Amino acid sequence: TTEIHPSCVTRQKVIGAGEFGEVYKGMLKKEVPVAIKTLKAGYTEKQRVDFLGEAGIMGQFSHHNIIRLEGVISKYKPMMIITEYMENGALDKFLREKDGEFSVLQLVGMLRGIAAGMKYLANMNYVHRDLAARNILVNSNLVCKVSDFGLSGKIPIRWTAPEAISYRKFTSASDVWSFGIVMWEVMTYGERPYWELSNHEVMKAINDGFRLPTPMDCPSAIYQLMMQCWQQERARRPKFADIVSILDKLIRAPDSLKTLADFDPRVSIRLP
């Protein structure tokens, strides 16, 4: 963590909400665009511990696929966490606003980058607990950076592994389940997992053995990989090292992605 003087920061627009403050877009001194989370007067001891703890963990991460911390303001009030800014925004909204605009290889490359960031976090003994496309930022090189904006607080049942829902067992292996959901989010351009099923219906379907069907136009290898992320038995899921290795090999032999999984049509259209 670098300590930044408040005279170097200008808050411009509110872009979100913090636990005890606001999240802004701004400029950091030529100027550089930044995102800024503040801790406002009246914060509790616990909030200060969590806020500066968050800053400390982010300063420890140095990876291509993890959001970069520019610095912290801790010596003056209000306190601030300052990161790089991504004009393309969060991955879920990005894909939904750009439906069908990318190649299969571009989509799989986004997944490889997300997996590499997650392998790094898991190796550093950091369990994310809220991996979803809404918590991934996209830069102007299409590079995805794992982030955590806090709960949307809506609990993300349909991204969470059964053991984490059932008995609060959050590990890198429950993050692997979440990663499989993110794979499905990417390959569908941001569709809502399980569509209109309620949270209870999703849990019931998973316990009964159902799994999300293949996205349209999805490489067979990619659907196979996401399905193995959704094994009920935690020990049977791939580790992030396995996921990175597979995605890297598929990208480097790109003909491997041309074999597509069968898509199950809901609608039959008959014509001559």
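Numbers for residues come from their place in the sequence shown, where the first is 1. So that the term is clear: the rigid core is the largest set of C-alpha atoms that superpose within 1.5 Å between two forms.
**Student:** Say the other structures are aligned on the rigid core; which stretch then has the higher CA RMS in 9 other deposited structures of this protein, 198-206 or 78-86?
**Tutor:** Evaluated in 9 other deposited structures of this protein, the stretch farther from the shown form is 78-86.
**Student:** If you line up the core and then measure how far each C-alpha sits from this form in 9 other deposited structures of this protein, which stretch comes out higher, 31-39 or 211-219?
**Tutor:** When 31-39 and 211-219 are compared in 9 other deposited structures of this protein, 31-39 lies farther out.
**Student:** For at least a third of the other PDB entries compared, is residue 193 missing from the model even though its neighbours are present?
**Tutor:** In none of the comparable entries (those modelling both sides of it) is residue 193 left without coordinates.
**Student:** Among the other compared PDB entries, is residue 113 dropped in a third or more?
**Tutor:** Other entries vs residue 113: none skip it.
**Student:** Scan the PDB entry between residue 204 and residue 205 and report the missing deposited residues as one of none, 1 to 3, 4 to 9, 10 or more.
**Tutor:** The entry leaves nothing out here.
**Student:** Does the deposited sequence hold unmodelled residues between residue 152 and residue 153, and if so, how many: none, 1 to 3, 4 to 9, or 10 or more?
**Tutor:** The entry has 10 or more unmodelled residues between residue 152 and residue 153.
**Student:** Compare the mean C-alpha B-factor of 2-10 with that of 262-270 as given in the PDB entry, and name the stretch with the higher value.
**Tutor:** Comparing averages over the C-alpha atoms only gives 262-270.
**Student:** 228-236 versus 48-56: which one carries the higher mean Cα B factor per the record?
**Tutor:** Of 228-236 and 48-56, the stretch with the higher C-alpha B-factor average is 48-56.
**Student:** Going by the entry, which of 28, 222, 246, 67 has the most elevated CA B factor?
**Tutor:** Of the candidates given, the C-alpha B-factor peaks at 28.
**Student:** Whose CA atom has the top B-factor in the entry, of 87, 175, 191, 97?
**Tutor:** The C-alpha B-factor peaks, among 87, 175, 191, 97, at 87.
**Student:** Sort the modelled residues of this chain by their C-alpha B factor and say whether residue 166 lands in the lowest, middle or highest third.
**Tutor:** It belongs to the middle third of the chain when residues are ordered by C-alpha B-factor.
**Student:** Is residue 105 in the lowest, middle or highest third of its chain when residues are ranked by C-alpha B-factor?
**Tutor:** Its C-alpha B-factor, which the entry lists for residue 105, ranks in the middle third among residues of this chain.
**Student:** In terms of the chain's CA B-factor thirds, is residue 72 lowest, middle or highest?
**Tutor:** It falls in the top third of the chain.
**Student:** According to the PDB entry, is the CA B factor of residue 34 in the bottom, middle or top third of its chain, that is, lowest, middle or highest?
**Tutor:** Highest third, going by the recorded CA B-factors of the chain.
**Student:** Sort the modelled residues of this chain by their C-alpha B factor and say whether residue 41 lands in the lowest, middle or highest third.
**Tutor:** Highest third.
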